[PDB]
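K.L.:
Below: one structure in structure tokens.
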Amino acid sequence: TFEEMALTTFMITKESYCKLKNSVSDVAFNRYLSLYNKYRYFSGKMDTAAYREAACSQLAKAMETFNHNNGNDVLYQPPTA
Amino acid sequence: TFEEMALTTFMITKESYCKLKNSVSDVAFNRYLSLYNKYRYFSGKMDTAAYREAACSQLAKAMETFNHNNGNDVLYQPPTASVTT
């Protein structure tokens, strides 16, 4: 699933981007995207439940960039493990 | 392009399906798909514009099947023709 992929390190390619997009509703994707700044600039501790959601944001953001900002592949790594 | 790919033989996979769906507007895709029967049971000779459109409907159909039906990596074969000079 998307939440699960968000926690692993892998390459975002046209193929993997695709499967990830198809695995999450567009509504969920945009909500994750909208939480990016909150986690990119999070002060303090992150309970796992928060880290899971922070990872989804990170992934949604990485996907947005791949798609809306270029034509090239990029390695994805979960937030500060 | 989508039109060009419909005239080639290749495997419809999750990745190829993807590049294909992204290369055509949803509207044009549904249009091609709607013409599948017209060309599938077409009686007679066609000009090149019609042949190209027939190939597109065939590709649109193979993609619909891949996505909505089973979703098993399948080979896409453009339509063959008995050409008359």
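Letters for chains follow the order of the structure tokens (A, B, ...), residue numbers begin at 1 for each chain, and ligand numbers begin at 1 in the order shown.
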What are the residues of chain B that have an atom within 12 Å of an atom of chain A, counting only C-alpha atoms, as a PyMOL selection string?
P.N.:
chain B and resi 13-22+67
K.L.:
Can you write out the residues you just picked, keeping N, CA, C and O atoms, as a short mmCIF file (atom, residue, chain, number, x, y, z; two decimals), in the first residue's frame?
P.N.:
data_model
loop_
_atom_site.label_atom_id
_atom_site.label_comp_id
_atom_site.auth_asym_id
_atom_site.auth_seq_id
_atom_site.Cartn_x
_atom_site.Cartn_y
_atom_site.Cartn_z
N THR B 13 1.62 -3.58 -20.43
CA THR B 13 1.98 -3.88 -19.06
C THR B 13 1.46 -2.73 -18.21
O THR B 13 0.83 -1.81 -18.74
N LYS B 14 1.68 -2.76 -16.90
CA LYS B 14 1.21 -1.67 -16.07
C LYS B 14 1.96 -0.40 -16.45
O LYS B 14 1.37 0.69 -16.45
N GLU B 15 3.24 -0.53 -16.80
CA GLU B 15 4.01 0.65 -17.17
C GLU B 15 3.63 1.19 -18.54
O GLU B 15 3.50 2.41 -18.70
N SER B 16 3.49 0.31 -19.52
CA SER B 16 3.13 0.77 -20.85
C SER B 16 1.70 1.30 -20.86
O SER B 16 1.42 2.30 -21.52
N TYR B 17 0.79 0.63 -20.15
CA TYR B 17 -0.59 1.09 -20.06
C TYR B 17 -0.56 2.52 -19.57
O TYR B 17 -1.26 3.39 -20.08
N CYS B 18 0.27 2.75 -18.58
CA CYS B 18 0.42 4.06 -17.96
C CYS B 18 0.87 5.15 -18.88
O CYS B 18 0.19 6.16 -18.97
N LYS B 19 1.99 4.95 -19.57
CA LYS B 19 2.47 5.94 -20.52
C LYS B 19 1.40 6.18 -21.58
O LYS B 19 1.23 7.29 -22.07
N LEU B 20 0.68 5.13 -21.93
CA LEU B 20 -0.36 5.23 -22.94
C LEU B 20 -1.56 6.06 -22.48
O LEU B 20 -2.02 6.95 -23.20
N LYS B 21 -2.05 5.79 -21.27
CA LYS B 21 -3.19 6.54 -20.73
C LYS B 21 -2.84 8.03 -20.55
O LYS B 21 -3.70 8.89 -20.72
N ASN B 22 -1.58 8.32 -20.22
CA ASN B 22 -1.09 9.69 -20.04
C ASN B 22 -0.87 10.45 -21.34
O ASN B 22 -0.84 11.68 -21.34
N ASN B 67 -6.88 -2.98 -17.99
CA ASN B 67 -7.25 -2.28 -16.78
C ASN B 67 -8.50 -2.82 -16.06
O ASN B 67 -8.41 -3.32 -14.93
#
K.L.:
Write out as a ChimeraX atom specification each polymer residue whose atoms come within 7 Å of range 51-60 of chain B, counting only C-alpha atoms; drop sequence neighbours fewer than 6 positions from it.
P.N.:
/B:3,6-7,29,32-33,35-36,39,78-79
K.L.:
Find the residues near range 70-80 of chain A: any atom within 9 Å, counting only C-alpha atoms, skip ones fewer than 4 places away on the same chain, and give them as a PyMOL selection string.
P.N.:
chain A and resi 6-14+39-40+51+54-56+58-59+62+65-66
K.L.:
Would you put the residues from that selection into a file with N, CA, C and O atoms, as a tab-separated table (two decimals), in the first residue's frame?
P.N.:
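Writing the result to again.tsv gives the following:
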chain	number	residue	atom	x	y	z
A	6	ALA	N	5.64	4.39	1.43
A	6	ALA	CA	6.14	5.64	1.99
A	6	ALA	C	7.25	5.45	3.03
A	6	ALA	O	8.04	6.36	3.28
A	7	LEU	N	7.30	4.26	3.62
A	7	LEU	CA	8.30	3.96	4.64
A	7	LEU	C	9.57	3.30	4.10
A	7	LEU	O	10.58	3.22	4.81
A	8	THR	N	9.54	2.87	2.85
A	8	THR	CA	10.70	2.20	2.26
A	8	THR	C	11.51	3.12	1.34
A	8	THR	O	11.05	4.19	0.97
A	9	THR	N	12.72	2.71	1.01
A	9	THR	CA	13.57	3.47	0.10
A	9	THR	C	13.47	2.77	-1.25
A	9	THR	O	13.60	1.55	-1.33
A	10	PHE	N	13.23	3.55	-2.30
A	10	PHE	CA	13.09	2.99	-3.64
A	10	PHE	C	13.14	4.12	-4.66
A	10	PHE	O	13.08	5.30	-4.32
A	11	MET	N	13.27	3.75	-5.93
A	11	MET	CA	13.33	4.75	-6.99
A	11	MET	C	11.95	5.11	-7.49
A	11	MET	O	11.10	4.24	-7.68
A	12	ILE	N	11.72	6.40	-7.69
A	12	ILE	CA	10.45	6.86	-8.24
A	12	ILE	C	10.74	6.96	-9.73
A	12	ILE	O	11.54	7.78	-10.17
A	13	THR	N	10.12	6.06	-10.50
A	13	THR	CA	10.27	6.00	-11.95
A	13	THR	C	8.87	6.22	-12.53
A	13	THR	O	7.91	6.33	-11.77
A	14	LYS	N	8.73	6.29	-13.85
A	14	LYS	CA	7.40	6.46	-14.41
A	14	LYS	C	6.50	5.29	-14.00
A	14	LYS	O	5.30	5.47	-13.76
A	39	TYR	N	5.28	18.68	8.30
A	39	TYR	CA	6.28	17.71	8.69
A	39	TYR	C	7.69	18.05	8.25
A	39	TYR	O	8.66	17.65	8.90
A	40	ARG	N	7.82	18.79	7.16
A	40	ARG	CA	9.13	19.20	6.67
A	40	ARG	C	9.77	20.14	7.70
A	40	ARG	O	10.99	20.17	7.86
A	51	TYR	N	5.13	9.76	12.50
A	51	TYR	CA	6.18	9.46	11.53
A	51	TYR	C	5.59	8.78	10.30
A	51	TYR	O	6.04	9.01	9.18
A	54	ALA	N	4.02	11.40	8.35
A	54	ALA	CA	5.04	12.30	7.83
A	54	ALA	C	5.69	11.67	6.59
A	54	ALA	O	6.07	12.37	5.65
A	55	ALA	N	5.82	10.35	6.62
A	55	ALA	CA	6.40	9.60	5.51
A	55	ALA	C	5.49	9.72	4.28
A	55	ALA	O	5.97	9.92	3.16
A	56	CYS	N	4.18	9.60	4.49
A	56	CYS	CA	3.20	9.71	3.41
A	56	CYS	C	3.28	11.08	2.76
A	56	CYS	O	3.15	11.20	1.54
A	58	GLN	N	5.95	13.05	2.72
A	58	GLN	CA	7.23	13.06	2.04
A	58	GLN	C	7.10	12.40	0.68
A	58	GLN	O	7.60	12.91	-0.32
A	59	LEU	N	6.42	11.26	0.66
A	59	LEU	CA	6.24	10.52	-0.58
A	59	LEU	C	5.34	11.28	-1.55
A	59	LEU	O	5.67	11.40	-2.73
A	62	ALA	N	7.35	13.99	-3.07
A	62	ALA	CA	8.33	13.47	-4.02
A	62	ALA	C	7.62	13.11	-5.33
A	62	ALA	O	8.17	13.29	-6.41
A	65	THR	N	6.66	16.34	-7.34
A	65	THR	CA	7.84	16.89	-8.02
A	65	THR	C	8.18	16.10	-9.27
A	65	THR	O	8.39	16.67	-10.34
A	66	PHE	N	8.25	14.79	-9.13
A	66	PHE	CA	8.56	13.92	-10.25
A	66	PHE	C	7.62	14.25	-11.40
A	66	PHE	O	8.06	14.53	-12.53
K.L.:
Please return, as a PyMOL selection string, all residues of chain A that DSSP assigns to strand (DSSP E) on the basis of the backbone.
P.N.:
chain A and resi 10-12+74-76
K.L.:
What lies within 9 Å of residue 20 in chain A using only C-alpha atoms, ignoring chain neighbours under 5 positions off, as a PyMOL selection string?
P.N.:
chain A and resi 1-2+5+15+63
K.L.:
For the selection you just gave me, I'd like the residues written to a file as a PDB file, in the first residue's frame, keeping N, CA, C and O atoms.
P.N.:
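Output file out15.pdb is given in full below:
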ATOM      1  N   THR A   1       0.849  -1.224   0.000  1.00  0.00           N
ATOM      2  CA  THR A   1       0.000   0.000   0.000  1.00  0.00           C
ATOM      3  C   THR A   1       0.866   1.248   0.000  1.00  0.00           C
ATOM      4  O   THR A   1       2.086   1.179   0.169  1.00  0.00           O
ATOM      5  N   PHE A   2       0.214   2.393  -0.180  1.00  0.00           N
ATOM      6  CA  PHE A   2       0.891   3.683  -0.216  1.00  0.00           C
ATOM      7  C   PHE A   2       1.605   3.982   1.108  1.00  0.00           C
ATOM      8  O   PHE A   2       2.767   4.382   1.114  1.00  0.00           O
ATOM      9  N   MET A   5       4.671   1.802   1.255  1.00  0.00           N
ATOM     10  CA  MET A   5       5.729   2.218   0.336  1.00  0.00           C
ATOM     11  C   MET A   5       6.435   3.463   0.885  1.00  0.00           C
ATOM     12  O   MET A   5       7.660   3.573   0.828  1.00  0.00           O
ATOM     13  N   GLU A  15       7.099   4.104 -13.917  1.00  0.00           N
ATOM     14  CA  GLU A  15       6.355   2.915 -13.523  1.00  0.00           C
ATOM     15  C   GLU A  15       5.938   2.921 -12.045  1.00  0.00           C
ATOM     16  O   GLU A  15       4.766   2.721 -11.727  1.00  0.00           O
ATOM     17  N   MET A  63       6.416  12.571  -5.224  1.00  0.00           N
ATOM     18  CA  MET A  63       5.642  12.203  -6.402  1.00  0.00           C
ATOM     19  C   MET A  63       5.213  13.450  -7.178  1.00  0.00           C
ATOM     20  O   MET A  63       5.273  13.459  -8.406  1.00  0.00           O
TER      21      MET A  63
END
K.L.:
For CA of residue 53 in chain A and CA of residue 27 in chain A, quote the distance in Å rounded to one decimal.
P.N.:
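So the answer is 15.0 Å.
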K.L.:
Tell me, which residues of chain A carry DSSP helix (DSSP H, G or I), written as a PyMOL selection string?
P.N.:
chain A and resi 2-5+14-23+26-34+36-40+48-69
K.L.:
Go ahead and compute the interatomic distance for CA of residue 11 in chain B and CA of residue 74 in chain B, in Å to one decimal.
P.N.:
5.7 Å
K.L.:
Identify, on the basis of only C-alpha atoms, every residue whose closest approach to residue 34 in chain A does not exceed 10 Å; exclude the query and any residue fewer than 5 positions from it along the same chain; express the result as a ChimeraX atom specification.
P.N.:
/A:28-29,57,60-61
